[PDB]
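This document opens with one chain alone, in structure tokens, the form deposited in one PDB entry.
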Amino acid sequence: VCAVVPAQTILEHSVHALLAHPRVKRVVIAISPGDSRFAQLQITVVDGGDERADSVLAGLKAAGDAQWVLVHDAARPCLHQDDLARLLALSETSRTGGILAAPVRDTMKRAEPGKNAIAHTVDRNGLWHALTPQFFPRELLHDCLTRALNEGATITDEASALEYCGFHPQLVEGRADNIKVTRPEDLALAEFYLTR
């Protein structure tokens, strides 16, 4: 199984956890133009695209003989091996693949369109926070991404590409601590969280 990562220095954390696995022979990273940082830090390098989906496909060429691919957010460092394992143990049951997801606990509201008023309460049953890594058959992913990018469909995660093409990925519960740092405070929390 190969690992693709569309891209502080969380990156190393995210990767070392991917690598922390035995069944994860190599990690294909991706770097957009104008990126000098990377050279400072089973690792390969590919020239990413403009879209997330571009880079994933970009990295797809370096995947070798892997029939399964693992995509992982560059800003998600609180991933546990117990979670990774629970996830990778899909290739021997999975037809389409699946992703690490976390149940919703609080109650949620959908806003009235174009207004900050509450339209109605959203059902908590079967609602999940999509997380990563994402695990699916190599070529499969590649073809759903191809099609998705072509039909110009809205894509968020790699699961969304498969979904787009009819497929229904699998939901593998993972910890909630496994977060993504996008704000100037998620770091403090991500730090606290990754410290066991």
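For clarity, a rigid core is taken as the largest C-alpha set superposing within 1.5 Å between two forms. Only residues modelled in both forms are compared. Don't overthink the numbering: it's just position in the shown sequence, from 1.
- Deposited sequence between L41 and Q42: 4 to 9 residues lack coordinates.
- Counting the unmodelled positions of the deposited sequence between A7 and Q8 gives a long gap of 10 or more residues.
- Stretches 67 to 75 and 105 to 113 differ in mean CA B factor, with 67 to 75 having the higher one.
- The mean Cα B-factor in the deposited entry runs higher for 32 to 40 than for the other of 32 to 40 and 156 to 164.
- Based on the entry's C-alpha B-factors, the most elevated value among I179, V172, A188, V15 belongs to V15.
- In the deposited entry, the Cα temperature factor of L60 places it in the highest third of its chain's modelled residues.
- Placement of the Cα temperature factor of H129 within the chain: lowest third of the modelled residues, per the deposited record.
- For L84, the recorded CA B-factor ranks within the middle third of the chain. Only modelled residues enter the ranking.
- Ranked by C-alpha B-factor against the other modelled residues of its chain, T96 falls in the middle third.
- Residue-level temperature factors show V45 in the highest third of its chain, judged at the C-alpha atom.
If you look for the form deposited in another entry, you will not find it shown, but the lines that follow are about it.
- In a rigid core superposition between this form and the one not shown, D50 is the single residue of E139, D50, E151, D35 whose Cα is displaced by 2 Å or more.
- Listed alone, the shifted run between this form and the one not shown is 47 to 55, counting only residues present in both forms whose C-alphas move 2 Å or more over at least three consecutive positions once the core is aligned.
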